[PDB]
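Chemist: can you look at this? It's an experimental structure, sequence on top.
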Amino acid sequence: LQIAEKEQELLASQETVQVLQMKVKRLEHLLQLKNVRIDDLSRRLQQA
Amino acid sequence: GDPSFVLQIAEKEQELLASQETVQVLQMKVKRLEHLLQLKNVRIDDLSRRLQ
């Protein structure tokens, strides 16, 4: 059907969404890692 | 009869549209997260230089 085609287009999109959601989650972990590096470097600067 | 089918396909097309826009917004969120990361890398390089 028309509906079989529309449901297959949506499934492909819903999986594209799922991978983008995991990429955002990994980017958010990176940012947390970068905040720790900043706090490390900043503390070691206060040792001046 | 056929009006049920007009509505069924309208529903399926609206579910797909919502997904295709969810994709579009996640793509913009990734772009914003990438800008943040670049900003954090510059702060790290600033702080690091000032440590030398």
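Modeler: Received it, and whenever you're ready, just let me know what you need. Numbering: from 1, shown residues only, chains lettered A, B, ... in the order given.
Chemist: write out the residues of chain A neighbouring chain B.
Modeler: Contact residues, chain A versus chain B (CB under 8 Å from any CB of the partner chain): A:2-3, A:6-7, A:9-10, A:13-14, A:16-17, A:20-21, A:23-24, A:27-28, A:30-31, A:34-35, A:37-38, A:41-42, A:44-45. Where you see a C-beta, it was placed from the backbone N, CA and C, and this is true even at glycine.
Chemist: can I get the buried part of the residues you listed as one PyMOL selection?
Modeler: To isolate the buried ones among the residues of chain A next to chain B in PyMOL, judged by 16 or more other CB atoms under 10 Å in any protein chain shown, type:
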select buried, chain A and resi 6+9+10+13+16+20+27+34+38+41
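Chemist: among the residues of chain A next to chain B, which are in strands?
Modeler: Members of the residues of chain A next to chain B lying in strands (criterion: DSSP state E): none.
Chemist: nearest residue to the most centrally placed residue in chain A in space, ignoring adjacent ones along the chain?
Modeler: Nearest to the mean C-alpha position of chain A, by CA atoms, centre = their mean, lies residue A:24 at 1.4 Å. Counting by CB to CB, 6 or more residues apart in numbering or on different chains, residue B:29 is the residue found nearest to residue A:24 once chain neighbours are left out, at 5.6 Å.
Chemist: where along chain A do the helices fall?
Modeler: Secondary structure of chain A (DSSP state H): helices located at A:2-46.
Chemist: show residues contacting stretch A:25-34.
Modeler: Residues from elsewhere that reach stretch A:25-34 (CB atoms under 8 Å, 6 or more residues apart in numbering or on different chains): B:30, B:33, B:34, B:36, B:37, B:40, B:41, B:44.
Chemist: stretch A:27-41: how far from the chain's middle?
Modeler: 14 Å (CA atoms, centre = their mean, to the nearest Å).
Chemist: could you export it as CSV, CA atoms only?
Modeler: Output of stretch A:27-41 as CSV, limited to C-alpha atoms (Å, rounded to 0.1, in the frame of the first residue of the first chain):
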residue,chain,number,x,y,z
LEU,A,27,29.0,15.3,22.4
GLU,A,28,27.5,16.0,25.9
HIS,A,29,30.0,13.5,27.5
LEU,A,30,32.9,15.3,25.5
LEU,A,31,31.7,18.7,26.9
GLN,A,32,31.8,17.3,30.5
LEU,A,33,35.3,15.9,29.8
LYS,A,34,36.3,19.4,28.5
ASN,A,35,34.9,21.1,31.6
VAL,A,36,37.1,18.8,33.8
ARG,A,37,40.2,19.7,31.6
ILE,A,38,39.3,23.5,32.1
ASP,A,39,38.9,23.0,35.9
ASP,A,40,42.3,21.1,36.0
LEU,A,41,44.2,23.8,34.0
